[PDB]
Ligand SMILES: *[C@@H]1O[C@H](CO)[C@@H](O)[C@H](O)[C@H]1NC(C)=O
Ligand SMILES: *[C@@H]1O[C@H](CO)[C@@H](O)[C@H](O)[C@H]1NC(C)=O
Ligand SMILES: *[C@@H]1O[C@H](CO)[C@@H](O)[C@H](O)[C@H]1NC(C)=O
Ligand SMILES: *[C@@H]1O[C@H](CO)[C@@H](O)[C@H](O)[C@H]1NC(C)=O
Ligand SMILES: *[C@@H]1O[C@H](CO)[C@@H](O)[C@H](O)[C@H]1NC(C)=O
Ligand SMILES: *[C@@H]1O[C@H](CO)[C@@H](O)[C@H](O)[C@H]1NC(C)=O
Ligand SMILES: *[C@@H]1O[C@H](CO)[C@@H](O)[C@H](O)[C@H]1NC(C)=O
Ligand SMILES: *[C@@H]1O[C@H](CO)[C@@H](O)[C@H](O)[C@H]1NC(C)=O
């Protein structure tokens with residue numbers, strides 16, 4: 001389940017950071033990267049608690 | 001002569017995309033032909049060439065020996081007022097045209113259209129199972145041919161369908177008609193979710209309908225073709 | 001982490017130039033209600049002669065940064081051309097209202113593409129009247145995105161069905177623009193073109209200018225395969241791709257096999273070893289010598 005949580009948009013436009021770094025410059029890629037970071041932090045905390 | 005009916009036995013499974021897998025299970029949500037469907041049976045030999053609806057996909061399975069069936073036509077009104085599609089396979093090549101045709105009452109094999117006014121796309125080239133779809137303006141054809149002599153009905157077995165060609169046509173579709181011993185089956189697709197099993201080499205070997213009967217639902221939920229004794233939770237009504 | 005040494009790119013051969021000669025240099029434009037559509041493929045799209053060329057009034061576009069355009073492999077780019085009034089240029093956007101944005105031409109919310117508009121007053125102004133441009137004003141309901149309608153029926157404003165009389169409470173849905181040079185900039189006709197495209201969803205044929213390089217194996221490198229990016233070593237593959245498959249995926253839903261777009265050979269990719277670093281010490285009170293353990 002921890003592995004599979006890496007294929008979710010979490011509200012972004014893509015689930016891979018390599019498609020966010022391209023096609024976008026930092027100023028508006030930052031928000032989507034933030035969304036991905038928040039989702040993956042939540043997943044990590046849940047896994048650690050279990 | 002009133003139409004006849006029969007039942008397909010786990011037929012019409014095609015590779016959903018162009019991604020390779022091996023020895024893994026996978027769940028997809030796409031248009032398929034439900035198992036144990038009520039498919040219509042036609043006999044062309046007394047004439048039966050009715051225009052049949054094309055709702056969101058047709059599984060066309062035909063058994064042939066002398067190559068009696070020629071092709072299909074696709075369109076809305078078929079009177080050159082709108083755009084029409086043509087796929088004709090004569091003894092040399094598979095002609096594909098997208099023009100306005102004044103189709104005849106009984107187009108068979110060459111009395112097809114009275115005239116061709118405006119043309120947009122053309123193409124000229126150098127047991128059968130077919131699947132046709134129209135999504136996002138793309139016409140997709142999946143096909144695979146396997147010989148059979150066992151029964152005069154539709155044999156029961158599992159065969160995958162490989163992608164053949166995708167034609168960027170992008171026209172409005174609601175109806176179609178075949179171009180003509182000969183018999184063929186017509187089945188309609190509808191949105192379902194399936195579970196597919198890939199073998200070591202990467203060929204589909206089995207499938208399970210996720211929402212056919214409760215046991216198949218549990219198999220789909222567990223992502224396994226074998227379920228042991230116990231009680232499992234599925235969903236909420 | 002083993003630092004990648006070289007970077008490689010693999011693209012097919014493309015020599016044709018995209019048919020932009022009849023798109024931007026078009027002698028005449030179609031009516032906006034019956035907007036034009038064109039399919040562009042099998043060409044290199046050089047955007048250095050679009051952004052860095054004749055001054056386009058606006059180049060507002062979302063989803064894809066204009067600078068990075070030349071470095072992505074697109075998927076079936078689309079070109080739509082029509083003419084709208086200067087006041088109507090703002091309506092061409094997702095989440096917009098107005099007669100043009102609701103009854104004429106609508107964009108989807110997740111629209112990825114670039115819209116271009118430039119001044120077209122001189123070529124579309126007549127002293128006697130340029131009435132060749134028609135616009136939609138009355139229609140039943142909001143148009144669905146990327147849908148075109150050319151129906152011309154007498155709209156029924158209220159009761160008393162028209163039945164083709166165009167009487168009271170009966171108006172023609174189509175009206176003609178009147179374009180004089182002796183008008184305002186807000187009313188000035190604008191030539192606007194809309195580009196819409198997909199991204200990494202099928203085998204691609206448009207990639208832009210990018211010089212191909214050689215290929216290396218058994219070394220941690222950065223690779224670009226039809227726009228796909230990743231880090232890992234390239235090795236010979238023992239899998240059996242079917243002639244209709246261009247990628248390979250695992251349980252982890254990450255690519256592990258890729259077919260070379262030039263030599264038609266499949267390659268396996270595996271991650272560079274990372275591990276961890278641990279330090280073994282007997283205490284700084286006794287001695288200072290330490291031993292380092294590179295795990296796994
Ligand atoms: C299939 O459909 C026909 C007509 O809708 C109906 O008469 C028949 O009972 C259905 N089932 C089978 C098994 O043919
Ligand atoms: C098949 O049709 C094409 C085009 O309609 C034609 O060029 C070709 O000669 C035909 N072949 C036969 C055997 O009729
Ligand atoms: C369609 O046909 C009509 C009559 O032949 C012709 O006037 C018109 O220009 C044609 N349009 C196209 C797009 O070919
Ligand atoms: C296709 O044509 C049918 C028949 O008039 C019509 O009901 C339907 O709305 C059309 N669909 C599109 C997408 O044009
Ligand atoms: C895979 O293909 C090889 C060669 O065609 C064959 O020997 C082998 O039996 C196949 N594997 C399976 C599971 O069918
Ligand atoms: C239009 O034509 C001019 C020469 O008349 C040329 O310099 C320019 O590049 C052309 N623009 C396009 C988009 O083809
Ligand atoms: C491209 O050109 C090279 C040589 O110029 C050739 O070997 C290759 O087959 C061509 N096609 C592709 C897809 O690389
Ligand atoms: C450090 O080692 C010495 C010699 O073994 C010992 O006398 C001393 O107590 C140790 N600890 C400290 C804080 O010096």
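First residue shown is number 1, and so on along the chain.
Structure determined by electron microscopy, 3.6 Å.
From the backbone N, Cα and C atoms, a Cβ is placed for every residue, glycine too.
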The annotated region 'Putative superantigen' range in Swiss-Prot, which must be one of B:155-176, B:199-220: B:199-220
List of the recorded positions B:38, B:118, B:201, B:210 facing chain C, defined by a Cβ pair under 8 Å: B:201
Euclidean distance between Cα atoms of residue B:210 (disulfide bond) and residue B:90 (N-linked glycosylation site), Å: 41
Between residue B:118 (N-linked glycosylation site) and residue B:99 (disulfide bond), the C-alpha gap once rounded to whole angstrom: 6
All-chain count of other Cβ atoms within 10 Å of residue B:210 (disulfide bond): 17
Integer Cα-Cα distance in angstrom, residue B:172 (N-linked glycosylation site) to residue B:220 (disulfide bond): 35
Three-class DSSP secondary structure - residue B:220 (disulfide bond): helix
Residue B:210 (disulfide bond) and residue B:38 (N-linked glycosylation site), distance between Cα atoms, whole Å: 18
